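Accompanying notes for the structure given below.
Quick note on labels: first sequence line is chain A, next is B, and so on, each numbered from 1. Any value given below was found using the heavy atoms of this structure, including those in side chains, with hydrogens, waters and symmetry copies removed.
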Amino acid sequence: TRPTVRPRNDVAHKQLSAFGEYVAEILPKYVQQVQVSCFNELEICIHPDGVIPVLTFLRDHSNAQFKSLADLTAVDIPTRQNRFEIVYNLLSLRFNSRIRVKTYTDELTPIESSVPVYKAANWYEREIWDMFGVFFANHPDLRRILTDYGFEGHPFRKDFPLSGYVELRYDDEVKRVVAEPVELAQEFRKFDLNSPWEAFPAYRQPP
Amino acid sequence: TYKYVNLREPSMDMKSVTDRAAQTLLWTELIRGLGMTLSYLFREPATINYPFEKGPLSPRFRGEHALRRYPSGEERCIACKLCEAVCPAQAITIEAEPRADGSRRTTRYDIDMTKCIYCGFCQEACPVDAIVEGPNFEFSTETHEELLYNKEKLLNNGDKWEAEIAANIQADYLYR
Amino acid sequence: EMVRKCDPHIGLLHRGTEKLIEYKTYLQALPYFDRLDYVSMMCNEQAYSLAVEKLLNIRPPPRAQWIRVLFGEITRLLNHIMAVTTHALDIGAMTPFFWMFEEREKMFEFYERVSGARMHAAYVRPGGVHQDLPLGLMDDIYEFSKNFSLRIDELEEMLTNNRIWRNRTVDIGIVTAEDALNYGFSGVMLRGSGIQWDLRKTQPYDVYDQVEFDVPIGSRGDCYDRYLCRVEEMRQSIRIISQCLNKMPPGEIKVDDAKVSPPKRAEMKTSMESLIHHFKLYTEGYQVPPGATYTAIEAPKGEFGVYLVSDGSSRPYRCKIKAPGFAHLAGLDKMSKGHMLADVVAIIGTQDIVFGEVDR
Amino acid sequence: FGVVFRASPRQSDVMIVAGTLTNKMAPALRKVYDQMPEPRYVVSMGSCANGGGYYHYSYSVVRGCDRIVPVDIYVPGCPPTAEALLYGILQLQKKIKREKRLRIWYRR
Amino acid sequence: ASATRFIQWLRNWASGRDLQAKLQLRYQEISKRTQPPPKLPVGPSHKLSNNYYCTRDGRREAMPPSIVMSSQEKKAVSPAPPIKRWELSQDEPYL
Amino acid sequence: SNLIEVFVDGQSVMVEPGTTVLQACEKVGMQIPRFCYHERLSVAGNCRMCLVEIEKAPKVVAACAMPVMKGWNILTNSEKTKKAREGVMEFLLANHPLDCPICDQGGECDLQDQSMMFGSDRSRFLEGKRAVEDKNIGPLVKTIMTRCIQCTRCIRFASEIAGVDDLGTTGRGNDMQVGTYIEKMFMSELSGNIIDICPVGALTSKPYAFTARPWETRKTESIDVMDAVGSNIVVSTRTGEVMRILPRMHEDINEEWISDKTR
Amino acid sequence: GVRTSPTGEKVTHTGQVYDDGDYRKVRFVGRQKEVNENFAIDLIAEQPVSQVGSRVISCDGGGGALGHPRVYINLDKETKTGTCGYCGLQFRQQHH
Amino acid sequence: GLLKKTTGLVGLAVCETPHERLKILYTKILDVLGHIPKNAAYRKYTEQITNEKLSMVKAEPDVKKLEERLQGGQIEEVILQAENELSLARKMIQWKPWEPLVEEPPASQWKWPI
Amino acid sequence: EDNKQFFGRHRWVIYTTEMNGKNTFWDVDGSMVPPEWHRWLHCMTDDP
Amino acid sequence: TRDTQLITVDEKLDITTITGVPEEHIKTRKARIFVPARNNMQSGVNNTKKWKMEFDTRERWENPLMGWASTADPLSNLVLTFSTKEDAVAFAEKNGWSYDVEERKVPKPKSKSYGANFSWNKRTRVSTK
Amino acid sequence: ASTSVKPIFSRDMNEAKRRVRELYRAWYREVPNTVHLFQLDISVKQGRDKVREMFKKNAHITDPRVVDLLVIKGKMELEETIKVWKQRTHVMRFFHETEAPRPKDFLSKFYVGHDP
Ligand SMILES: CCCCCCCCCCCCCCCCCC(=O)OC[C@H](COP(=O)(O)OCCN)OC(=O)CCCCCCCCCCCCCCCCC
Ligand SMILES: CCCCCCCCCCCCCCCCCC(=O)OC[C@H](COP(=O)(O)OCCN)OC(=O)CCCCCCCCCCCCCCCCC
Ligand code: SF4
Ligand code: SF4
Ligand code: SF4
Ligand code: SF4
Ligand code: SF4
Ligand code: FES
Ligand SMILES: [K+]
Ligand SMILES: [Zn+2]
């Protein structure tokens, strides 16, 4: 085949598609959309009420057995009404397969903690709360994990500035480290890099 | 394929039980560890006599930056700003204008050596081999301000190190 | 003497890497991955490169893939020397650190001879590797690998049968197989408990399905079995490096598609098309078709992955880094239960924690 | 060279700042510095400690450890080679050799 | 390499190995620091004909995800067949 | 009821008679590549970058000039279209100079960008290149005519928009040259606009020369105060300094032009 | 080359020099103003014009791939030399 | 049919009576599935796989050969999975995932790129 | 040079006692090696 | 539908108090919601598809040491992308930012005729090609 | 409808207000320990006035879910203080002791710069 072109795997594509329909048939109450990517990754998009039921089924069902929570993160998309996309990446050692489960939320809508299903989720959900400000209901110990104590804001939101709002220095008069509004000797230089010509016709959107 | 790292059941005969008792009481496996450190005591150490001796490097080594010239002495940099665009740390600041003779040349070329990650992307991006990372790694300073290089500093580095820089480029440009 | 609760407070090395990456082109973000698990630099680069290559729908040429496996396993040796000897150094056994860091110093030379840097090479890139191996490098890697198993034996002579070492590691930090899975462990944290899993075997990438090696599996799930697994994995890396040296193919070392990989400097200075593509790749960068992938590798510390989201432009929209040490440290409270303060030092060591990846 | 490897902060004469100083970490670094007995010196090692480096524009990173403590030697690199750091330590030795504490005292 | 035979014997006996055959210090077995210049090969796309970019454009063959189900009798399936059981190493099953 | 039905890659679009193939593709959001075509200039049809396959027609048509016919299916992404674009881009770049690092157009060049999106990634041209004398047409527009791709946009602008007939082509074939023949300054109150319409670095702003790259500028959309027309403009700034003034389209005011004083 | 201002400060090849009342020159007291003394504008002017026997000549800066991108220079005008945009070398057509 | 000393998975004890344990668990699962509506896909599919697994148990007396048929790893791993499925089925009865979609997402919720 | 020494100790420099007016009998510095020798002393090449 | 018991909230959505933004950069800022103008130097239209939100420009000054461009404005680089004008307005309102909206400027359809270049009796006849 | 939303903790403002008063009492009683434990140079009166100032600035909220998140964040802040996860620098960051008073009248802003 073409030496520079990634080869397609049509068997895995068909297997993942069939299992995606399988999941959607069993949990119609929650599954909103199922898709398989051209590089063979299965995504299950669900209503946020289905977090615990869907994850529990995927972990415990005999034909699923997704015992490992590889990763749990969020994505901020300000143009959406529910700006926060919550992404669960699961691994099945029994069937040597991965699956992605996605749901959504806004700044004020809690999501149910998945710690009951995966104890791995404990710190991942603290990170989502810290970095995105998404609240997780019934989390055993929800608090910041990566930011400074007393830090204000959620810095992975698309509208949080790259350099933040405050900066630190040691002040000799008060004999301690103090926080002050950020000033930069050199402002970060924004580059406009996007070409004005379309690159990928296959992804064109209706006018 | 897999192997077990620790799944051996010890034998339980006199010969073996007494061998393990001897090890427990006579500390034999502890004595063995002493033998290894004693053997090292009589090996030649690996220490080099810095600064009279130096660790080996290669022509690809990424060290202190320098701006280069053509054999005529004209600057190579024609202020394209590919280096400034690619710099992952935004460590490069460039301004340019037409020179008196109309040539396209920089009026500012600053590298904040305390922002720089010494990645060498700038010298990959440069279309005329103007900016390079030379072989010098012994340029620590006593003040922060001394590490904010302007164009004069960088041209001086080029004139200072060109003899070595040119030979290193000659040795590696066929891999580029 | 007993530990009742262990609450790790991290973030002391959180540097907002994931937010910084959103302001970089894909090439510009590559060096951030050297600085995560900063003991396994080129393995971090490989993971990011595989993820980008997947979204790009391209594949790197065979010689680059063999180079990436070769230096991936050299990097595993770098990491395991650090993991084992700093684990030993922190509980008093200082001497193996010195013996093995001379070996690390020589593998830093291989890094420097291919990339010009001892650690943050930035050498593995989407599309292949930056430059081809300099002439004479493979011979020197052969000479290093020939004597390395003796160095491992000397390390084992100091620790493996030592009753003091065994007293500090045996039955310390036992993890059951079911807990290891649900807590999100990977790598040796799984194989120490008998779970037969290794992404190089089960979900292979590059040319790992063309090399022969064995996965070491523990039986007790304690610190000592995890120590044995790491030492045996170093032997397997030498075995893999031996095959990479023999089976290294000829050819180009980066994909021959100048809309992704920059052209050769000689071409850039003669051909109009090459110059344009060089100009655009180093300013705008290549555009990546829209999409999202979770790509994972068997990094020396465990499963290392990126959830990379492309919006169709030349800068990633989101890059979430899955560091294996993040879940491992989250399990420290679970593992330290019923142990003494001195054991917490041993448990942190057996997890092989680097806060670059934990805090990002 | 007489530079002991692992020395406790109570007996240390020089602090080497080797890595990124985050905001969350800055108070703890200043505390160690304040507890060092004199004479005390600070070596800033690598781009991050020198001025923020790759993370200069981050919301969580101190842009150079010299906002927190006074720095005697700046060692550039990302990372500086082991030899580069040694060069910097030997530079500090020569800086100490140039000190004139008693000459200045005598002329007060 | 310069150790007397007595010291060589002493450290070999103390370590229990023949250390001289695998010295951890490098001598003249290492490759020259000056090498002849390379001549690197070119990739498969270096051709003067039958080389149109549209026949080898990987990025333009990427497609958006297949939607197998959207909100807007049969045999049960697993995401893939169950993983085959690993075999014991025949190179060294037990350490 | 005068609209006719045509298809763009099989999607139906209703267009009025006289609509070109290029305009039909615009309606479905597909931008055909072009060099010579400009929607505010007379059609030229000489660059051939807009060539596209019509389903069942053996010959590609120039999308910018061909009127679309009822029932036509325009294949904007077929192998036949893509091979036509690659062929044309190859001819454009054969004699083009390796000037991108020193050329002000770099970073906002339609030749660069359309080469990336629609051209090949390498060269098979093994000859020497044409080189052309530079023409002096005044202190506002610098000319580097070795970069000219003979799209004749400047000629059509000067004749039709500015009402000046000083620009033409002299010679024939590969030595055909855009210019004024005699030594003449193209001094018109609208002269600076030929910098914008010129797709390449052949015509560039002399005052702006060498001072900035496009990616590093910040764009502030603003209004001209040099007269009472109220031309819409973009003020390019970099690191707190004004770098240049560009037109900003406003169909009901300045279209996409500005006067030289504004510029 | 390196000239001096009335205050005694050297003028860089970019024309920079602090004027009389600029406090910022205090940074040079007890230290020095780094100035590079090889002005490239003067050095390139010392080079002689190459006489060639064709209308078009090409320059790559010398040294092959170690130079700059190869460009072709037109030499039809007889009232000026052809200058290389990259390295500043000059060419002139002999006879014609 | 010897008794293996260990499962190899830390924390997973050897089972002395695997066939009898499996029959009890699969039978319990089928009993639980009778409380789900007949047309729920969870019931149809889960009954299909459970009966296939239960049939293998009733037909293969050798543990070593049974494990090959089930393809679920050790027999203790198979037992552990049966317990997980039994636990899941009881939770499914409360969740009733077979009911219609609770709510449609906003119009462009799953649109990428934006 | 002494090629019988192991790699890293096979080349060395004894610094001058006075350089650019500075008394360097005791105060030596790796930065004193000029670029032409720097390449040889760091084994970037074989030939002096 | 749901088993989760919802509540009724008629309040206008406002999240200013829980975003951590300083008071200065909520009330004194002006957000501009617009579709970017096409860069006149190029004919490509692909950068005119989405809506953008940017903030009012503030002072930049020269760094005394190097002459670099310094700033005290934390929002100087923040640019948000939106699918529709309504999405951009919704985001600005709930964040408490004052805003202006500029209507999209679509080029008007043109009547193009190659044959007009050769008119028998009209001024569109071209004198050159 | 679109106004039918999922609550966090409080189903209406009266339930939310109870949580606010409980948080305020916890902070009010913590200040004396904080001043002693962190050896601050502020008085207990200054600390309690700072607590009151922080609660007042959010007095205009009428959305129970917003109030819920304010209380959730306020409780996290309290836990950091009580457990001594904060250092004295973090506690003193509420008082902006090193920041000079920025002018507030039109004329004073006019003299210093361009900002409104
Ligand atoms: C005819 C009949 C006459 C009657 C008399 C006959 C008596 C002879 C038979 C008895 C032999 C007695 C041996 C005396 C040594 C004591 C043995 C001992 O206690 O060692 C065991 C001890 C514990 O061992 P462990 O495996 O950890 O646990 C076992 C308990 N569950 O583990 C240890 O103590 C190990 C040591 C710990 C310290 C390690 C660090 C030091 C090791 C290096 C020492 C080198 C040798 C020192 C020699 C110095 C001599 C001056
Ligand atoms: C600063 C350095 C100074 C030295 C200068 C140079 C001179 C070096 C002299 C030091 C001699 C010791 C160094 C050599 C030790 C290494 C030898 C070795 O490794 O032997 C290992 C051997 C086998 O052990 P193992 O593999 O476990 O087998 C178990 C079942 N067979 O294990 C054994 O067989 C051990 C047998 C001995 C057990 C004795 C138990 C201790 C009894 C204490 C008596 C101490 C008497 C000596 C004290 C000094 C007085 C002279
Ligand atoms: S080495 Fe890397 S970080 Fe440093 S100036 Fe060059 S491109 Fe920028
Ligand atoms: S150093 Fe090179 S890449 Fe940078 S502006 Fe100069 S010519 Fe361009
Ligand atoms: S190696 Fe570079 S990125 Fe890492 S801590 Fe040092 S300066 Fe920072
Ligand atoms: S006109 Fe475009 S392609 Fe030609 S040299 Fe200038 S930037 Fe490069
Ligand atoms: S100068 Fe520019 S606008 Fe005029 S014909 Fe040449 S490329 Fe076209
Ligand atoms: S755009 Fe149609 S031929 Fe030029
Ligand atoms: K132009
Ligand atoms: Zn030239």
Donor-acceptor contact below 3.5 Å, side chain A:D130 vs main chain A:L146:
yes
What is the ring orientation for A:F151 with A:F160, classed by angle as parallel under 30°, tilted 30 to 60°, or perpendicular over 60°?
tilted
For residues J:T4 and K:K6, is any side-chain donor paired with an opposing acceptor at under 3.5 Å?
no
With no hydrogens and no angle check, just 3.5 Å: does a side-chain donor-acceptor pair link J:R32 and J:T57?
no
Partner of A:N89 by side chain to side chain contact (heavy atoms under 4.5 Å, CB included), out of A:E43, A:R100, A:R98:
A:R100
Determine whether a donor-acceptor pair (N or O, by modelled atom type, separation under 3.5 Å) exists between the side chain of C:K320 and the backbone of C:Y294.
no
Classify the side-chain pair J:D73/J:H25 by whether it contains a donor and acceptor separated by less than 3.5 Å.
no
Would you tell me whether A:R59 and A:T56 have side-chain atoms, one donor and one acceptor, within less than 3.5 Å of each other?
no
Assess the side chains of A:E25 and H:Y45: does a donor N or O sit below 3.5 Å from an acceptor N or O?
yes
D:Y59 and A:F156 aromatic ring geometry - parallel, tilted or perpendicular at 30°/60° bounds
perpendicular
May I ask you to decide if the ring planes of J:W97 and J:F91 are parallel, tilted or perpendicular, using 30° and 60° as cut-offs?
tilted
Could you list the donor-acceptor pairs under 3.5 angstrom formed by side chains in residues 93-105 of chain H, with sequence neighbours left out?
{"unit_1": "H:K96", "atom_1": "NZ", "unit_2": "H:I93", "atom_2": "O", "d": "3.1"}
{"unit_1": "H:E103", "atom_1": "OE1", "unit_2": "A:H47", "atom_2": "NE2", "d": "3.0"}
{"unit_1": "H:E104", "atom_1": "OE1", "unit_2": "E:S71", "atom_2": "OG", "d": "2.5"}

So does K:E15 pair up with K:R19, basic N to acidic O under 4.0 Å?
no
Under the side-chain hydrogen bond (donor to acceptor under 3.5 Å, both in side chains) rule, what do A:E112 and A:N138 come out as? Steps first, then yes or no, please.
CA-CA 7 Å; A:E112 190 58 37; A:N138 302 316; 3.1 Å; yes
Both conditions, 6.0 Å and 45 degrees, for the charged tip of A:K190 above the ring of C:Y23: are they met here?
no
Centroid separation under 6.0 Å, is that true for the rings of A:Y118 and A:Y88?
no
Is the backbone N or O of C:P289 less than 3.5 Å from a side-chain atom of C:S310, with the two atoms forming a donor-acceptor pair by type?
yes
Check for a donor-acceptor pair, side chain of J:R104 on one end and backbone N or O of J:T48 on the other, with a separation under 3.5 Å.
yes
Strictly below 4.0 Å, N to O, side chains only: are A:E107 and A:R83 in salt-bridge contact?
yes
Parallel, tilted or perpendicular: ring planes of A:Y124 versus C:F326, cut at 30 and 60 degrees:
tilted
Do A:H154 and A:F132 have their ring centres less than 6.0 Å from each other?
no
Salt-bridge criterion met for K:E79 and K:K83 (N-O under 4.0 Å):
yes
Rounded distance [0.5 Å steps], CD1 in A:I145 versus CD1 in A:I128:
11.0 Å
I'd like to know if the side chain of J:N47 reaches the main chain of A:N194, judged simply by a donor and an acceptor atom lying under 3.5 Å from each other, with no hydrogens or angles considered.
yes
Closer than 3.5 angstrom, by distance alone: can the side chain of A:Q205 be matched with the main-chain N or O of H:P113 as a donor-acceptor pair?
yes
Check: J:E24 main-chain N/O paired with J:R29 side-chain donor or acceptor under 3.5 Å:
no
Check: A:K119 main-chain N/O paired with C:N182 side-chain donor or acceptor under 3.5 Å
yes
Take K:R65 and K:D68 through the salt bridge (charged side-chain N to carboxylate O under 4.0 Å, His left out) test and state the conclusion after the steps.
CA-CA 5 Å; K:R65 296 190 300 170; K:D68 279 325; over 6 Å; no
Taking the six-membered ring of K:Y28 as reference, does the NZ or CZ atom of K:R48 fall below 6.0 Å from its centre and within a 45° cone about the axis?
yes
Aromatic ring proximity, centroids under 6.0 angstrom, K:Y24 and K:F55:
yes
Hydrogens and angles aside, do A:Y104 and A:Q81 bring a side-chain donor and acceptor to less than 3.5 Å of each other?
no
Taking the six-membered ring for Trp, are the ring centroids of A:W129 and A:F136 within less than 6.0 Å of each other?
no
C:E18 versus C:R360: any side-chain heavy-atom pair under 4.5 Å?
yes
Polar side-chain atom of A:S114 near backbone of A:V117 as donor-acceptor pair, under 3.5 Å:
no
Heavy atoms only: give me the nearest A:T79-J:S83 pair and the separation to one decimal.
OG1-N, 2.8 Å
Could you walk me through whether J:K85 and J:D87 pass the salt bridge (charged side-chain N to carboxylate O under 4.0 Å, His left out) check?
CA-CA 5 Å; J:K85 179 218 293 172; J:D87 300 337; over 6 Å; no
Sidechain-backbone polar pair: D:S60 side chain, C:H14 backbone, donor-acceptor under 3.5 Å:
yes
Any chance the side chains of E:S66 and A:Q35 put a donor and an acceptor closer than 3.5 Å?
no
